[PDB]
Amino acid sequence: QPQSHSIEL
Amino acid sequence: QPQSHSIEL
Amino acid sequence: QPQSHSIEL
Amino acid sequence: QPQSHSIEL
Amino acid sequence: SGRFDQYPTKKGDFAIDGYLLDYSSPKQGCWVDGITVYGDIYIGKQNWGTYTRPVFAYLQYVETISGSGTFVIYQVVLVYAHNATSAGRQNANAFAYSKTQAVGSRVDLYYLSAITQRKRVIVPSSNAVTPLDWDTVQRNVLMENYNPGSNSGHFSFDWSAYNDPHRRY
Amino acid sequence: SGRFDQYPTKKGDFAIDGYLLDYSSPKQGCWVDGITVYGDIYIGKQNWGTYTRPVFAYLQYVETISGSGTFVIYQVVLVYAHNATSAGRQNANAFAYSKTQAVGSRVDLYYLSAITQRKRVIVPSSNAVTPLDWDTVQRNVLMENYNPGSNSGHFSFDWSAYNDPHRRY
Amino acid sequence: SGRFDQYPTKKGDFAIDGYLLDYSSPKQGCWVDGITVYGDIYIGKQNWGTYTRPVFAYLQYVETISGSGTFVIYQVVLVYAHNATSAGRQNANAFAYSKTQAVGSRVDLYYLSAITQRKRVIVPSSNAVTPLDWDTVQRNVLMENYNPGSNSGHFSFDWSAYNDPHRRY
Amino acid sequence: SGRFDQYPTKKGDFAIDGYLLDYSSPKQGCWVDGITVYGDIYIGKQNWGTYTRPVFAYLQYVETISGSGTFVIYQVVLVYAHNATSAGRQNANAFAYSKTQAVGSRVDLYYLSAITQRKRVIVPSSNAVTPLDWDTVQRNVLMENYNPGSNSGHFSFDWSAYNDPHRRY
């Protein structure tokens, strides 16, 4: 499963 | 008047 | 004689 | 050891 | 346009490039006062004795360079006008924007061609302009601002090119 | 060599390209009859009011492609002559081939610049010619065939450019 | 296509270029086995932690060089596949060809990007091929030959990129 | 200098570009972990079965634009290492920086080649770095950090390329 650090703003 | 040497074939 | 507008420094 | 197919001249 | 009539006239390579490729305020276009030449140009099935002269020049979007901040690259497109003598009978529908003119039984073909020049300008996206498109250029330069019947408008061809060996090829 | 004097004179973009980029027989070079313009050109530490005009054009080697058979691609290098007014005091040694001319206390800088054109021609190696080099071109065009003292030789500048808004930038 | 399935797989810059930029028989395209990387890519209003890997490469028409005879110039277009993590909620309609995949509440955005490489090939018009278009490439590579739900098809992403500092930026 | 050893290692196109083409802090160079391929490369008078792999990548000066303010444009130069098998007997002096290695009677030629990438970044002069030169890169990468005798140093070739059809061309 792909890991993420992305923050939605 | 424009001069021409063109030959239609 | 060539005319100029050039300004040195 | 590196393999070759190169032919000189 | 309106806007097309307001565009100034430039003469000489460096004057055209100097006016358009301005980093402070890049310009959409300018009319070009240029030399008429004569020689063979291939259209359709054969070569035609064609008169050629520059008539207009406009800025064209190349690419965007990102970083700090966003920058836009522009190129000069040099627009030429042609009179391909006797080509009108066989190539009347060869180009989207063209005009025909009779000289006796002979039918001349009037059209425009564009040549992208090498010189480029890098301008910040804040000083960026909306470039003109090839369709609008052809419509304003050839269709709206040139009459083959009277060889007049925003430009005219110099037919003496036929008799100058320097302007023949 | 004195082969430079044998080169013909051409006027207009398509006449210059038409003569040089000939696939059947490519030509080394030709002299160019062109318009003189006036505007700022940056040399050394600042901008100078410079007069610019095309003077010569020559073929340049692009590439040599493999086959079945050996083909040679040529390009046109357009040579311009400049008079950068007042630039001669601080930029007398800025270029390998240059000349200085006094106008009162003022020192003008006479030099040549080259611009590579986009148009290219594919020629078979059997019809290929030996291209001229930039060093030889500068020596023959500026050094041997132009006198700033009398504004004469194989070409001369049109100083009226300073008073024509069409030829100013 | 049909034709797309028949295309071989290449690995490494020179192998991709070597196969496609063949002067004897230029090839339409090839699948690419490449490394997956991880870093920020800007889509819509912000940056997203994106996984990137090359997936396909195809020939693109540049220009025609005339003379003796007619020659065609080709370029390699390198196609990359992306998983812009969390971008699917805000940018589901940002691209014409895209797919979304849920990872809990998070919506991942799967799309393709194309980068034109510098290397070119000059081929005679007799050996010329019909190049693939960007629309057909996106439809076959992403839409028809990749399943985000199972991370499988004609390629798959290596999620370990997130933990390799060499493959992070 | 020993600054070359301090440079990190990057793997994958976007990781190499992402690290180097950083607008906030552009980087001089990075070592590249890449795939070894096998195919013909022309050196001197003929083609040689050559092993090729990327080894290093560095920033190159493109241009410096005027303003309001002084901006600097950078590009990525991708450095490849080659083993042109049997080429060392006739091309030992073909390159300024090269090494020879005997495999029986056969003499292999070890050299470096550089390919300029398309991607560019605009950086303000305050954040600008001193780019590495091609002479220094070749000296550090090939001469000082690679031993053909043991196929070791800061990188090594994968000879299995010869047996992988995906890595052959």
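Residue numbers (the numbering used here), protein chains in the order written: chain A, 3 to 11; chain B, 3 to 11; chain C, 3 to 11; chain D, 3 to 11; chain E, 3 to 171; chain F, 3 to 171; chain G, 3 to 171; chain H, 3 to 171. Cβ atoms here follow ideal geometry from the backbone N, Cα and C, with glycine treated the same way.
Q | Close beta carbons around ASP24 of chain E, own chain, < 8 Å, minus the five adjacent residues each side | A | Taking the fifth sequence and counting its residues from 1, one reaches residue 24 of chain E at position 22. Excluding sequence neighbours, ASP24 of chain E sits near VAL123.
(Q) Applying the 10 Å Cβ sphere with the 16-neighbour rule, what's the burial state of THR72 of chain H? (A) For the purposes of this step, residue 72 of chain H is taken as the residue at position 70 of the eighth sequence. Burial call: exposed.
Q) For chain E, is any of its Cβ atoms less than 8 Å away from the one on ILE37 of chain F? A) Here residue 37 of chain F refers to the residue found at position 35 when the sixth sequence is read from its first residue. So yes, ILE37 of chain F belongs to the interface.
Q) Whose C-alpha, out of H:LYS47, H:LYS12, H:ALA89 and H:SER100, is nearest the C-alpha of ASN142 of chain H? A) Counting from one through the eighth sequence, the residue named residue 142 of chain H turns up at place 140. The candidate whose alpha carbon is nearest that of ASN142 of chain H is H:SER100.
**Q.** Endpoints, the alpha helix (DSSP H) within which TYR21 of chain E is located
**A.** Start at 1 with the first residue of the fifth sequence, and residue 21 of chain E comes out as number 19. Looking at the DSSP string, the run of the alpha helix (DSSP H) that includes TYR21 of chain E is 15-22.
Q) Looking only at its own chain, which residues have a Cβ that is under 6 Å from the Cβ of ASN147 of chain E, when we skip the five neighbours before and after it? A) Taking the first residue of the fifth sequence as 1, we reach residue 147 of chain E at position 145. So the list reads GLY155 and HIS156, once near-sequence residues are dropped.
Q. What residues in the segment 93-120 of chain F bring their beta carbon closer than 8 Å to a beta carbon of chain K?
A. The structure shown has no chain K; the protein chains it does contain are A, B, C, D, E, F, G and H.
Q) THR54 of chain F CB to nearest chain C CB: under 8 Å? A) Against the sixth sequence, residue 54 of chain F aligns to sequence position 52. Chain C, which has no Cβ nearer than 8 Å to the Cβ of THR54 of chain F, makes this no.
(Q) I want to verify the contact list: residues of chain E whose CB lies under 7 Å from the CB of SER68 of chain H, in sequence order. (A) Start at 1 with the first residue of the eighth sequence, and residue 68 of chain H comes out as number 66. What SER68 of chain H touches in chain E: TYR25.
Q) Does the segment 59-68 of chain E come close enough to the segment 40-49 of chain E that 3 or more CB-CB pairs lie under 8 Å? A) no
Q: List the whole-angstrom C-beta distance separating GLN92 of chain E from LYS47 of chain E, where the pair is believed to meet the contact cut-off of C-beta under 8 Å.
A: For this step, residue 92 of chain E is matched to residue 90 along the fifth sequence. For this step, residue 47 of chain E is matched to residue 45 along the fifth sequence. Their Cβ separation, rounded to whole angstroms, is 7 Å, which keeps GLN92 of chain E and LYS47 of chain E in contact under 8 Å.
Q) Using a Cβ-Cβ distance under 8 Å, would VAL125 of chain H count as near chain E? A) As a position in the eighth sequence, residue 125 of chain H is number 123, starting the count at 1. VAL125 of chain H counts as touching chain E.
Q. If you run the structure through DSSP and keep just helix, strand and coil, what is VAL139 of chain H?
A. For the purposes of this step, residue 139 of chain H is taken as the residue at position 137 of the eighth sequence. DSSP places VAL139 of chain H in helix when its eight states are reduced to three.
Q. Buried or exposed: where does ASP35 of chain F fall if 16 or more other Cβ atoms within 10 Å of its Cβ makes it buried?
A. Within the sixth sequence, residue 35 of chain F is the residue found at index 33, counting from 1. Buried.
Q) To the nearest angstrom, how far is it from the Cα of residue 2 of chain E to the Cα of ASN95 of chain E? A) The displayed coordinates of chain E run from 3 to 171. Any statement about residue 2 of chain E would go beyond what the structure contains.
Q) Are the beta-carbon atoms of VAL139 of chain G and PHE58 of chain G separated by less than 8 Å? A) What you label residue 139 of chain G is simply residue 137 of the seventh sequence in a count that begins at 1. What you label residue 58 of chain G is simply residue 56 of the seventh sequence in a count that begins at 1. Cβ atoms of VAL139 of chain G and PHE58 of chain G: closer than 8 Å.
**Q.** Run of the alpha helix (DSSP H) containing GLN8 of chain F, from where it starts to where it stops
**A.** The sequence position of residue 8 of chain F within the sixth sequence is 6, counting from 1. 5-8 is the span of the alpha helix (DSSP H), which, as asked, contains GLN8 of chain F.
Q: Could you confirm whether any beta carbon from chain F is found closer than 8 Å to the beta carbon of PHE16 of chain G?
A: Start at 1 with the first residue of the seventh sequence, and residue 16 of chain G comes out as number 14. No, no contact with chain F.
Q: Could you tell me which uninterrupted beta strand (DSSP E) segments, each at least 3 residues in length, are contained entirely in the segment 14-95 of chain E, listed from first to last along the chain?
A: 31-34, 39-45, 48-67 and 73-86
Q) To which residues of the same chain is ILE117 of chain G closer than 6 Å at the C-beta, ignoring the five residues directly before and after it? A) If you number the seventh sequence from 1, residue 117 of chain G lands on position 115. So the list reads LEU80, once near-sequence residues are dropped.
Q: Taking the CB atoms as reference points, tell me whether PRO4 of chain A and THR11 of chain G lie closer together than 8 Å.
A: As a position in the first sequence, residue 4 of chain A is number 2, starting the count at 1. As a position in the seventh sequence, residue 11 of chain G is number 9, starting the count at 1. Going by C-beta atoms, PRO4 of chain A is not nearer than 8 Å to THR11 of chain G.
Q: Starting from the Cα of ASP110 of chain G, find the closest Cα among G:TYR82, G:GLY151, G:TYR76 and G:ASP166 and give me that residue.
A: Taking the seventh sequence and counting its residues from 1, one reaches residue 110 of chain G at position 108. Closest by alpha carbon: G:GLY151.
(Q) Quick test of your reading: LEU144 of chain E and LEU114 of chain E, contact by CB under 8 Å. State the CB separation rounded to the nearest angstrom. (A) Translated into the one-based positions of the fifth sequence, residue 144 of chain E becomes position 142. Translated into the one-based positions of the fifth sequence, residue 114 of chain E becomes position 112. Contact holds; Cβ gap of about 5 Å.
Q) Ordered along the chain, which non-local residues of its own chain (more than five positions away) have a Cβ less than 6 Å from that of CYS32 of chain H? A) As a first step, residue 32 of chain H must be located in the eighth sequence, where it is residue number 30. The answer, listed in chain order, is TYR9, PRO10, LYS12, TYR21 and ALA59.
Q. In chain G, which residues lie less than 7 Å from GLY20 of chain H when you measure between Cβ atoms?
A. Position 18 of the eighth sequence, counting from 1, holds the residue named residue 20 of chain H. The contacting residues are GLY41 and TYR171.
**Q.** Helix, strand or coil at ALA104 of chain F according to DSSP, with G and I counted as helix
**A.** By one-based count along the sixth sequence, residue 104 of chain F stands at place 102. In the structure shown, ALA104 of chain F sits in a strand (DSSP, three-state: E or B).
Q: Please check if any C-beta of chain C sits within less than 8 Å of the C-beta of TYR82 of chain F.
A: Stepping through the sixth sequence from its first residue, residue 82 of chain F is reached at position 80. Not one chain C Cβ lies under 8 Å of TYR82 of chain F.
Q.
What would DSSP say about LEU111 of chain H, mapped onto helix, strand or coil?
A. Position 109 of the eighth sequence, counting from 1, holds the residue named residue 111 of chain H. DSSP places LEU111 of chain H in strand when its eight states are reduced to three.
Q: Check each candidate in E:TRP50, E:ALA98, E:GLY14 and E:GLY51 and name the one with the smallest Cα separation from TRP136 of chain E.
A: As a first step, residue 136 of chain E must be located in the fifth sequence, where it is residue number 134. Out of E:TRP50, E:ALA98, E:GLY14 and E:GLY51, E:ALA98 has the C-alpha closest to the C-alpha of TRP136 of chain E.
Q) From the beta carbon of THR87 of chain F, is the nearest beta carbon of chain E less than 8 Å away? A) What you label residue 87 of chain F is simply residue 85 of the sixth sequence in a count that begins at 1. No, its Cβ sits nowhere closer than 8 Å to a Cβ of chain E.
Q) Would you say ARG169 of chain E and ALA17 of chain F are within 8 Å of each other, going by their C-beta atoms? A) The residue given as residue 169 of chain E occupies position 167 in the fifth sequence. The residue given as residue 17 of chain F occupies position 15 in the sixth sequence. Yes, the Cβ-Cβ distance between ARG169 of chain E and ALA17 of chain F is below 8 Å.
Q: Identify which residue in E:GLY106, E:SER68, E:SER127 and E:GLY90 has its Cα closest to the Cα of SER27 of chain E.
A: On the fifth sequence, residue 27 of chain E is found 25 positions in, with the first residue counted as 1. Comparing Cα-Cα distances from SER27 of chain E to each of E:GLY106, E:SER68, E:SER127 and E:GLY90, the minimum goes to E:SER127.
Q. From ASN153 of chain F to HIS7 of chain B, what distance separates their C-alpha atoms?
A. One-based indexing of the sixth sequence puts residue 153 of chain F at position 151. One-based indexing of the second sequence puts residue 7 of chain B at position 5. Rounded to the nearest angstrom, the two C-alpha atoms are 39 Å apart.
(Q) Using a Cβ-Cβ distance cut-off of 8 Å, determine whether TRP136 of chain G contacts chain A. (A) Within the seventh sequence, numbered from 1, the residue matching residue 136 of chain G stands at position 134. By this cut-off, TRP136 of chain G is not an interface position.
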